[PDB]
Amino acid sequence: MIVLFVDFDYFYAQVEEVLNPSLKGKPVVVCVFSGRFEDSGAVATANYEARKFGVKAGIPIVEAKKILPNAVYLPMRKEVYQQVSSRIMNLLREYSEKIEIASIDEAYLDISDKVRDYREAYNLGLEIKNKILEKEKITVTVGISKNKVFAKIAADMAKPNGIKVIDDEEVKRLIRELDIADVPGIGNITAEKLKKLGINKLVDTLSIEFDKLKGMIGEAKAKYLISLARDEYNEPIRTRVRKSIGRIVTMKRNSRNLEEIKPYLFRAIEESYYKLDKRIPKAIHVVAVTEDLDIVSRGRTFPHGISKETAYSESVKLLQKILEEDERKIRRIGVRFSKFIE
């Protein structure tokens, strides 16, 4: 099994560059303006010109302006990025029918039947890079290896505009000299939780008795890390299928007033249904982000598809159930639809 991972570089900021080359060289910060207070909002993405100084995704726009007051700030234009992505994703499609689109800027190729050593995998990946660049002026990063996880890791180390391979040899080394916190799927909450157990490297998992691991990080994850270090990660590249679509929005001011929230909830619904394509969902979940940034949600599943009018009706009941069963003020509200009729 020879996986070829592709990952566009700071996609949103780069797409803004391709559309406006004058931005090339200058730090670019694509952000989401919440509309609460002037420059309120968060940073969605930024090019390396800004990354170098600490301006990264997740930080407050204000903060970003205190670090790079002269950097260029652009509002996020998801729709554009999405179309550019689609075009690229189609290019990749021509290099293997076995392709898994993980996200708007990530794809996993299973070139096992496409190549034989790793020398061409590298070369193949080279063609993919010179292809995407030649057609969309977008630089990406390729990470080749024996499985999705390591492929990604390879890519993580080679970004930006790179391409790294991981010989079964290095796979062995990494399982020993790589901080388990650089391993896909292991986040701060599991990173520390692991450290407490003394595990700092992937192989350190092979020691600890099982039930102790699948006791503090759950069975599933426990295995995942094990099978990975024990060099047995299987997981094939299967075509991903969107299982849920939805939209959440930030209100101008925290409220607990049903009549003050409805309008935000409905706008979120209109957008979701639009994005729903022709998909008919049987389940709808109203999601709310509290004042303390807590996330609560009430949903429901029907024995039939959901009509926009029913979405409007059921979403309001669920929102009420939320306000009944909770006291905190709501900051962000939204909806999400799933279980699409096939």
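C-alpha atoms forming the largest set that superposes within 1.5 Å between two forms make up the rigid core. Just count from 1 along the sequence shown to find any residue number.
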| query | finding |
| --- | --- |
| 321-329 against 6-14 - segment lying farther from this form in 8 other deposited structures of this protein (CA RMS, rigid core fit) | 321-329 |
| Between 186-194 and 170-178, larger RMS Cα displacement in 8 other deposited structures of this protein after core fit | 186-194 |
| Which of 219-227 and 100-108 has higher mean CA B factor, as the PDB entry lists it | 219-227 |
| Of 330-338 and 21-29, the one with larger mean CA B-factor | 21-29 |
| Options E63, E49, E314, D39 - largest CA temperature factor per the record | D39 |
| Top Cα B factor in the deposited entry, candidates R87, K195, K262, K152 | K195 |
| Relative C-alpha B-factor of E79, binned into the chain's lowest, middle or highest third | middle |
| Third of the chain's Cα B-factor distribution that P303 belongs to, per the entry | middle |
| CA B-factor ranking of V72, expressed as a third of its chain | lowest |
| Third of the chain, ranked by Cα B-factor, where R267 sits | lowest |
| Modelled-residue ranking by C-alpha temperature factor, third containing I199 | highest |
